[PDB]
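The next block holds one structure in the form of structure tokens; read it before the comments.
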Amino acid sequence: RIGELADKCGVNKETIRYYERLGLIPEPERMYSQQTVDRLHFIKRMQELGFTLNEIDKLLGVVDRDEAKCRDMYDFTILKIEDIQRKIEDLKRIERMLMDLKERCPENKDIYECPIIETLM
Amino acid sequence: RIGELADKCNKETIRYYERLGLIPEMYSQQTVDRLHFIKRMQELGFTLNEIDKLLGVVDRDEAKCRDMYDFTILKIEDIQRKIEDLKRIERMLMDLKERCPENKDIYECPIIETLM
Numbered sequence: 004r005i006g007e008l009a010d011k012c013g014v015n016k017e018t019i020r021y022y023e024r025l026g027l028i029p030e031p032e033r040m041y042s043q044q045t046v047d048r049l050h051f052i053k054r055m056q057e058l059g060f061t062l063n064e065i066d067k068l069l070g071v072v073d074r075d076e077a078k079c080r081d082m083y084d085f086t087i088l089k090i091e092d093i094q095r096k097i098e099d100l101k102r103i104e105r106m107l108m109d110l111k112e113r114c115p116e117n118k119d120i121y122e123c124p125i126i127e128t129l130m
Numbered sequence: 004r005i006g007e008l009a010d011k012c015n016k017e018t019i020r021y022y023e024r025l026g027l028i029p030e040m041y042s043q044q045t046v047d048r049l050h051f052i053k054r055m056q057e058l059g060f061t062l063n064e065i066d067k068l069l070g071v072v073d074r075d076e077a078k079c080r081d082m083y084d085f086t087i088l089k090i091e092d093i094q095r096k097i098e099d100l101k102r103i104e105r106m107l108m109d110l111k112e113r114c115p116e117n118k119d120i121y122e123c124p125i126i127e128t129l130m
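So the sequence lines, in the order shown, correspond to chains C and Z. As numbered in UniProt numbering, residues 4 to 33, 40 to 130 make up the first sequence, in order. As numbered in UniProt numbering, residues 4 to 12, 15 to 30, 40 to 130 make up the second sequence, in order.
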């Protein structure tokens with residue numbers, strides 16, 4: 004079921020085997042249950058949001074109850090919280106800027122130009 | 004002044022941005047602000063083409079200011095999704111933090127990290 008799991012999240016089988024080798028995802032039974046899908050989605054999205062594979066591994070250590078890689082979690086949380094807070098602030102200002110730019114467009118006054126579907130994408 | 008401008012984040018990168026038409030062909043404070051803008055925008059996941067299109071408005075370039083509306087819609091949706099996700103991740107990290115013993119300790123309070 005590696006192919007369907009690869010298509011579902013999704014990433015190529017190479018990166019799935021790569022995460023299996025890194026230990027980011029557990030060894031499947033003789040396969041790949043729903044938990045593996047949620048975990049893989051977690052890894053993928055976290056990596057998309059700027060987190061390194063090492064940090065993701067450290068977080069997944071909490072899930073697997075690995076005491077070793079859960080060492081010094083306090084400082085880690087503090088650092089990541091600072092980073093992500095600044096990032097959030099920046100993105101919010103940028104978003105307000107983008108909206109402000111959108112209002113200055115003529116189409117913003119047109120009813121048929123209203124972004125209906127794009128809302129739930 | 005490109006050496007002084009180089010403190011901001015290097016010279017080849019500056020010449021590269023000049024060749025792309027991202028920055029005018040140097041000495042100015044406005045150029046410093048613009049360069050910082052480009053850099054930080056790139057740090058936050060925006061491509062050079064997107065940043066170029068946004069800077070098309072500052073340069074009053076009619077050509078690349080076309081279809082700005084759909085661009086804004088797209089970027090706003092994407093960045094909104096990102097913001098939601100990041101907020102939730104932050105609350106997660108705060109949960110984890112509060113689950114630590116050090117979180118109850120006064121000397122372990124992150125005072126300096128606040129304004130970094």
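Positions of the beta carbon are idealized from the N, C-alpha and C atoms, including for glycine.
- A distance below 7 Å between beta-carbons, with the five flanking residues on each side excluded, links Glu23 (chain Z) to the following residues of its chain, in chain order: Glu30.
- With a beta-carbon spacing of about 37 Å, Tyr83 (chain Z) and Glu64 (chain C) fall beyond the 8 Å limit used to define contacts.
- Non-local C-beta neighbours of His50 (chain C) in its own chain, meaning closer than 8 Å and more than five positions away in sequence, comprise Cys12, ordered along the chain.
- Within the region 78–97 of chain C, contact with chain Z at the beta-carbon level (separation under 7 Å) is assigned to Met82, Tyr83, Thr86, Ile87, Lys89, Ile90, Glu91, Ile93, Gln94, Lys96 and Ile97.
- Taking CB atoms only, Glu116 (chain Z) has a neighbour in chain C less than 7 Å away.
- The distance from the Cβ of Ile93 (chain C) to that of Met108 (chain Z) is about 10 Å, inconsistent with a contact at the 8 Å cut-off.
- For the pair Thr18 (chain Z) and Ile28 (chain Z), the CB atoms are not nearer than the 7 Å cut-off.
- With a cutoff of 7 Å on beta-carbon distance, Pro124 (chain Z) and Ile97 (chain C) are scored as not near each other.
- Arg102 (chain Z) and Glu122 (chain C) have their C-alpha atoms roughly 31 Å apart.
- Look at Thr61 (chain Z) here: in three-state DSSP terms it is coil, with no helix or strand label.
- Residue environment for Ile52 (chain C): buried (at least 16 other C-beta atoms within 10 angstroms of its C-beta).
- Not a single CB atom of chain Z sits nearer than 7 Å to the CB of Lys53 (chain C).
- The beta carbon of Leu69 (chain C) sits no closer than 7 Å to any beta carbon of chain Z.
- Closer than 7 Å to the CB of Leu49 (chain Z) there is not a single CB belonging to chain C.
- Using a Cβ distance threshold of 7 Å, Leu58 (chain Z) and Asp99 (chain C) count as a contacting pair.
- Under the DSSP assignment, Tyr22 (chain C) falls in the alpha helix (DSSP H) whose first and last residues are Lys16 to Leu25.
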